[PDB]
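Q: Provided herewith is a single structure, encoded as structure tokens, for subsequent inquiry.
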Amino acid sequence: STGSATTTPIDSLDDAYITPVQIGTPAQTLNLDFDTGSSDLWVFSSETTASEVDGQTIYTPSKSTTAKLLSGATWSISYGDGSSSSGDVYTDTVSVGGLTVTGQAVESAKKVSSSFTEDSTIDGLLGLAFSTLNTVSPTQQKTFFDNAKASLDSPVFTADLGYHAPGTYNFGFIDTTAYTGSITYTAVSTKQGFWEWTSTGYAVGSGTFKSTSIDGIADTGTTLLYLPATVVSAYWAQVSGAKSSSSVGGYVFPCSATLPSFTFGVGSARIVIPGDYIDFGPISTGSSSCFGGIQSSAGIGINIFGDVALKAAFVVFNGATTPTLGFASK
Ligand SMILES: O=C(Cc1ccccc1)Nn1cnc2ccccc21
């Protein structure tokens with residue numbers, strides 16, 4: 001089998017992407033954030049604290065003839081940005097772009113933190129990291145991809161995120177019309193549960209390439225590109241008037257600036273992030289100070305190839321016995 005679903009930015013800045021997902025019988029369609037940096041499929045639901053729901057579409061298990069409470073199971077997650085959610089668990093039928101999994105764990109939120117409440121466009125998360133990160137207790141659950149894998153034509157999924165435009169998530173096949181040139185594959189470590197790889201270096205604008213190993217994760221659920229402070233300083237030094245602002249929480253730059261591109265290495269291959277992809281707009285409405293899309297990972301503990309980086313590429317998440325990652329230009 002295969003699946004193919006369009007993913008759509010939630011706002012004009014590409015802060016996140018939502019992909020429609022069918023849950024239950026008859027289908028309940030929720031728009032989920034596909035997140036290769038986590039491993040829980042959780043949804044706003046009829047069980048969510050009423051004051052914490054504000055515009056989201058909810059899953060109502062009692063209206064699904066295929067829903068079954070997973071007795072005794074609970075879940076609780078906290079993301080790197082400080083947000084969180086928790087609740088109980090059902091199994092149900094879940095379909096993505098024509099690909100169906102029966103018996104998928106669907107984590108029903110009883111509580112969500114303020115940032116989820118405040119974002120009406122995201123009805124929940126669909127994790128695509130390794131199932132060793134899944135938070136369900138006392139019996140850990142498998143991700144949608146891990147449940148689908150043996151049925152797929154090939155044990156892969158691909159992310160093709162758009163810049164200010166829709167993109168695609170495919171399951172089970174590589175669309176050879178969706179990229180240019182060849183796909184370069186690179187080794188993955190699953191030791192921390194992530195799609196963790198090592199970039200071979202970087203360049204700023206038309207500058208020379210610096211060969212240097214940069215370990216990090218491919219994370220569709222992170223908006224920005226988080227890299228070592230040395231690398232990020234080298235980038236922003238090429239933007240007149242850019243500065244790190246302790247009060248704003250990162251690098252800012254004059255909105256009048258033209259940003260240079262940023263290149264990262266994948267083996268001997270190179271992915272070029274155009275400068276416009278690094279502009280995240282005014283820090284507050286009407287401000288002439290803009291927030292940068294490349295930020296330091298120093299407070300985080302891991303480098304993160306978030307959407308800013310991934311949307312510049314066609315990315316293959318190869319879930320073979322020994323997983324790997326592939327990147328192509330597009
Ligand atoms: O948690 C993180 C990483 C992060 C971003 C910004 C600052 C510090 C750390 N991404 N992410 C991955 N999945 C997520 C789901 C919600 C929120 C963030 C999510």
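Labels used: A, B, ... for chains in the order of the structure tokens, numbers from 1 for residues in each chain, and numbers from 1 for ligands as shown.
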Show me which residues sit within 9 Å of ligand 1 when counting only C-alpha atoms and all ligand atoms, and put them as a PDB file with C-alpha atoms, in the first residue's frame.
A:
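Result file part09.pdb:
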```
ATOM      1  CA  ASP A  33       0.781  18.500  12.749  1.00  0.00           C
ATOM      2  CA  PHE A  34       3.016  15.718  11.388  1.00  0.00           C
ATOM      3  CA  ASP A  35       6.018  15.710  13.655  1.00  0.00           C
ATOM      4  CA  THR A  36       9.156  13.726  12.941  1.00  0.00           C
ATOM      5  CA  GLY A  37      10.494  14.957  16.302  1.00  0.00           C
ATOM      6  CA  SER A  38       7.957  13.080  18.458  1.00  0.00           C
ATOM      7  CA  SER A  78       6.216  17.886  26.970  1.00  0.00           C
ATOM      8  CA  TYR A  79       7.884  19.398  23.939  1.00  0.00           C
ATOM      9  CA  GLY A  80      11.145  21.240  23.666  1.00  0.00           C
ATOM     10  CA  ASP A  81       9.358  24.584  23.466  1.00  0.00           C
ATOM     11  CA  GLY A  82       7.695  24.058  26.856  1.00  0.00           C
ATOM     12  CA  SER A  83       4.227  23.080  25.573  1.00  0.00           C
ATOM     13  CA  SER A  84       2.469  19.938  26.797  1.00  0.00           C
ATOM     14  CA  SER A 115      -0.040  27.396  23.236  1.00  0.00           C
ATOM     15  CA  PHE A 116      -2.154  24.548  21.832  1.00  0.00           C
ATOM     16  CA  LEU A 125      -0.008  15.942  16.468  1.00  0.00           C
ATOM     17  CA  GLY A 127       4.371  11.710  15.606  1.00  0.00           C
ATOM     18  CA  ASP A 219      12.255  17.642  12.831  1.00  0.00           C
ATOM     19  CA  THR A 220       9.170  18.592  10.854  1.00  0.00           C
ATOM     20  CA  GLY A 221       7.489  19.689  14.066  1.00  0.00           C
ATOM     21  CA  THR A 222      10.069  22.487  14.713  1.00  0.00           C
ATOM     22  CA  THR A 223       9.616  25.723  12.734  1.00  0.00           C
ATOM     23  CA  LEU A 224      13.180  27.032  12.689  1.00  0.00           C
ATOM     24  CA  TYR A 226      18.698  25.634  15.333  1.00  0.00           C
ATOM     25  CA  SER A 297      20.786  25.685  19.643  1.00  0.00           C
ATOM     26  CA  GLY A 299      20.062  26.523  25.103  1.00  0.00           C
ATOM     27  CA  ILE A 300      18.433  23.350  23.654  1.00  0.00           C
ATOM     28  CA  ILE A 302      20.546  19.439  20.293  1.00  0.00           C
ATOM     29  CA  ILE A 304      17.493  20.873  14.941  1.00  0.00           C
ATOM     30  CA  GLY A 306      13.431  22.218  11.415  1.00  0.00           C
TER      31      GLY A 306
END
```
Q: I'd like the neighbourhood of residue 110 in chain A as an NGL selection string, where a residue qualifies if any of its atoms comes within 6 Å (using only C-alpha atoms), though same-chain residues fewer than 2 positions away should be ignored.
A: :A and (47-49 or 87)
Q: Which residues come within 12 Å of residue 180 in chain A, counting only C-alpha atoms, excluding same-chain residues fewer than 5 positions away, as a ChimeraX atom specification?
A: /A:175,271,312-314,327-330
Q: Next, dump the selected residues to file, keeping only N, CA and C atoms, as a PDB file, in the first residue's frame.
A:
```pdb
ATOM      1  N   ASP A 175       8.361   9.650  -4.853  1.00  0.00           N
ATOM      2  CA  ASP A 175       7.864  10.286  -6.060  1.00  0.00           C
ATOM      3  C   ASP A 175       9.069  10.896  -6.787  1.00  0.00           C
ATOM      4  N   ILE A 271      22.374  21.414   0.137  1.00  0.00           N
ATOM      5  CA  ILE A 271      21.012  21.940   0.127  1.00  0.00           C
ATOM      6  C   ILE A 271      21.089  23.422   0.424  1.00  0.00           C
ATOM      7  N   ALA A 312      13.444  23.304   2.142  1.00  0.00           N
ATOM      8  CA  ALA A 312      14.350  23.496   1.008  1.00  0.00           C
ATOM      9  C   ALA A 312      14.708  22.213   0.274  1.00  0.00           C
ATOM     10  N   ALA A 313      14.214  21.091   0.778  1.00  0.00           N
ATOM     11  CA  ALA A 313      14.574  19.785   0.272  1.00  0.00           C
ATOM     12  C   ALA A 313      13.373  18.873   0.115  1.00  0.00           C
ATOM     13  N   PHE A 314      13.591  17.820  -0.666  1.00  0.00           N
ATOM     14  CA  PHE A 314      12.728  16.640  -0.652  1.00  0.00           C
ATOM     15  C   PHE A 314      13.407  15.651   0.298  1.00  0.00           C
ATOM     16  N   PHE A 327      18.194  13.316   1.247  1.00  0.00           N
ATOM     17  CA  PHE A 327      17.875  14.670   0.884  1.00  0.00           C
ATOM     18  C   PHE A 327      18.148  14.897  -0.604  1.00  0.00           C
ATOM     19  N   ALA A 328      17.209  15.548  -1.274  1.00  0.00           N
ATOM     20  CA  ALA A 328      17.357  16.017  -2.647  1.00  0.00           C
ATOM     21  C   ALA A 328      16.967  17.484  -2.716  1.00  0.00           C
ATOM     22  N   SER A 329      17.583  18.207  -3.659  1.00  0.00           N
ATOM     23  CA  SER A 329      17.080  19.529  -4.007  1.00  0.00           C
ATOM     24  C   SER A 329      15.793  19.378  -4.790  1.00  0.00           C
ATOM     25  N   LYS A 330      15.050  20.462  -4.950  1.00  0.00           N
ATOM     26  CA  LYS A 330      13.763  20.413  -5.612  1.00  0.00           C
ATOM     27  C   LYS A 330      13.398  21.746  -6.265  1.00  0.00           C
TER      28      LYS A 330
END
```
Q: Quote the spacing between CA of residue 188 in chain A and CA of residue 324 in chain A in Å to one decimal place.
A: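 These atoms are spaced 5.1 Å apart.
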Q: So which one's closest to residue 218 in chain A, A:246, A:256, A:322, A:158? Using only C-alpha atoms, please.
A: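 Looking only at the distances to residue 218 in chain A, the closest residue turns out to be A:158.
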Q: If DSSP is run on the backbone, what residues of range 123-191 of chain A are alpha helix (DSSP H)? A reply as a PyMOL selection string would be ideal.
A: chain A and resi 144-148
Q: Dump N, CA, C and O atoms for the selected residues as a short mmCIF file (atom, residue, chain, number, x, y, z; two decimals), in the first residue's frame?
A:
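Everything below was put into again-v6.cif:
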```cif
data_model
loop_
_atom_site.label_atom_id
_atom_site.label_comp_id
_atom_site.auth_asym_id
_atom_site.auth_seq_id
_atom_site.Cartn_x
_atom_site.Cartn_y
_atom_site.Cartn_z
N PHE A 144 1.97 5.71 13.82
CA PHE A 144 1.25 5.43 12.59
C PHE A 144 2.18 4.80 11.57
O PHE A 144 1.81 3.80 10.93
N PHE A 145 3.38 5.36 11.40
CA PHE A 145 4.30 4.79 10.43
C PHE A 145 4.74 3.40 10.78
O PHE A 145 4.79 2.51 9.95
N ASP A 146 5.11 3.04 11.95
CA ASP A 146 5.54 1.77 12.44
C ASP A 146 4.37 0.81 12.27
O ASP A 146 4.66 -0.30 11.83
N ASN A 147 3.14 1.21 12.54
CA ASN A 147 2.02 0.29 12.32
C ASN A 147 1.80 0.03 10.82
O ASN A 147 1.43 -1.08 10.45
N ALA A 148 2.03 1.03 9.96
CA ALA A 148 1.79 0.86 8.55
C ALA A 148 2.90 0.15 7.82
O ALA A 148 2.66 -0.37 6.74
#
```
Q: Select, from A:315, A:88, A:2, A:210, the residue with the minimum atom-to-atom distance to residue 154 in chain A, counting only C-alpha atoms.
A: A:2
Q: Please provide as an MDAnalysis selection string all residues within 8 Å of range 5-13 of chain A, with the sequence filter that same-chain residues fewer than 4 positions apart are discarded (counting only C-alpha atoms).
A: chainID A and resid 17:20 96:97 121:122 161:162 164:170 280:281
Q: Atoms to include: N, CA and C atoms. Write the selected residues as an mmCIF file, in the first residue's frame.
A:
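Output file result03.cif is given in full below:
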```cif
data_model
loop_
_atom_site.group_PDB
_atom_site.id
_atom_site.type_symbol
_atom_site.label_atom_id
_atom_site.label_comp_id
_atom_site.auth_asym_id
_atom_site.auth_seq_id
_atom_site.Cartn_x
_atom_site.Cartn_y
_atom_site.Cartn_z
ATOM 1 N N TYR A 17 2.731 23.155 9.678
ATOM 2 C CA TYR A 17 1.984 22.540 8.602
ATOM 3 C C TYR A 17 0.941 21.567 9.153
ATOM 4 N N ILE A 18 -0.248 21.622 8.566
ATOM 5 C CA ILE A 18 -1.320 20.683 8.926
ATOM 6 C C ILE A 18 -1.707 19.785 7.760
ATOM 7 N N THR A 19 -1.979 18.539 8.122
ATOM 8 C CA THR A 19 -2.295 17.496 7.171
ATOM 9 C C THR A 19 -3.592 16.827 7.601
ATOM 10 N N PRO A 20 -4.580 16.702 6.732
ATOM 11 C CA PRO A 20 -5.850 16.072 7.169
ATOM 12 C C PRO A 20 -5.676 14.594 7.440
ATOM 13 N N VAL A 96 -4.471 8.145 6.381
ATOM 14 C CA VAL A 96 -3.736 9.320 5.914
ATOM 15 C C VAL A 96 -3.596 9.199 4.406
ATOM 16 N N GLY A 97 -4.246 10.069 3.664
ATOM 17 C CA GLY A 97 -4.049 10.060 2.235
ATOM 18 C C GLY A 97 -4.324 8.754 1.563
ATOM 19 N N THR A 121 -5.762 26.239 14.554
ATOM 20 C CA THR A 121 -5.586 25.550 13.283
ATOM 21 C C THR A 121 -5.041 24.120 13.478
ATOM 22 N N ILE A 122 -4.518 23.791 14.635
ATOM 23 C CA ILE A 122 -3.879 22.482 14.866
ATOM 24 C C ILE A 122 -4.772 21.676 15.812
ATOM 25 N N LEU A 161 7.864 19.771 2.086
ATOM 26 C CA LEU A 161 7.195 20.934 2.638
ATOM 27 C C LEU A 161 7.369 22.103 1.683
ATOM 28 N N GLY A 162 6.316 22.889 1.521
ATOM 29 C CA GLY A 162 6.371 24.058 0.683
ATOM 30 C C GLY A 162 6.794 25.313 1.415
ATOM 31 N N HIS A 164 5.690 28.930 1.802
ATOM 32 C CA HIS A 164 4.479 29.715 1.610
ATOM 33 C C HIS A 164 3.535 29.020 0.633
ATOM 34 N N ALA A 165 3.392 27.702 0.693
ATOM 35 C CA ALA A 165 2.623 26.945 -0.286
ATOM 36 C C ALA A 165 2.412 25.540 0.251
ATOM 37 N N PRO A 166 1.390 24.854 -0.234
ATOM 38 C CA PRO A 166 1.211 23.458 0.176
ATOM 39 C C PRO A 166 2.346 22.594 -0.330
ATOM 40 N N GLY A 167 2.456 21.451 0.353
ATOM 41 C CA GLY A 167 3.400 20.405 0.079
ATOM 42 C C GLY A 167 2.750 19.053 0.273
ATOM 43 N N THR A 168 3.579 18.022 0.400
ATOM 44 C CA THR A 168 3.072 16.659 0.404
ATOM 45 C C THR A 168 3.800 15.782 1.399
ATOM 46 N N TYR A 169 3.109 14.905 2.093
ATOM 47 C CA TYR A 169 3.646 13.765 2.781
ATOM 48 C C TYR A 169 3.216 12.496 2.013
ATOM 49 N N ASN A 170 4.197 11.696 1.601
ATOM 50 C CA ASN A 170 3.904 10.409 0.986
ATOM 51 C C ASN A 170 4.390 9.288 1.891
ATOM 52 N N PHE A 280 11.195 35.561 9.342
ATOM 53 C CA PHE A 280 9.955 35.233 10.064
ATOM 54 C C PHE A 280 9.172 36.450 10.502
ATOM 55 N N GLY A 281 9.446 37.587 9.849
ATOM 56 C CA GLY A 281 8.577 38.709 9.911
ATOM 57 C C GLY A 281 8.730 39.541 11.181
#
```
Q: Record the distance separating CA of residue 65 in chain A and CA of residue 102 in chain A, expressed in Å with one decimal.
A: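 Taking CA of residue 65 in chain A and CA of residue 102 in chain A, their separation equals 12.5 Å.
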Q: Provide the CA of residue 29 in chain A to CA of residue 123 in chain A distance in Å, to one decimal place.
A: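 Answer for the CA of residue 29 in chain A to CA of residue 123 in chain A separation: 9.6 Å.
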Q: From the set A:72, A:241, A:98, A:254, which residue has the shortest atom-to-atom contact distance to residue 291 in chain A, counting only C-alpha atoms?
A: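 Checking each of A:72, A:241, A:98, A:254 against residue 291 in chain A, counting only C-alpha atoms, the winner is A:254.
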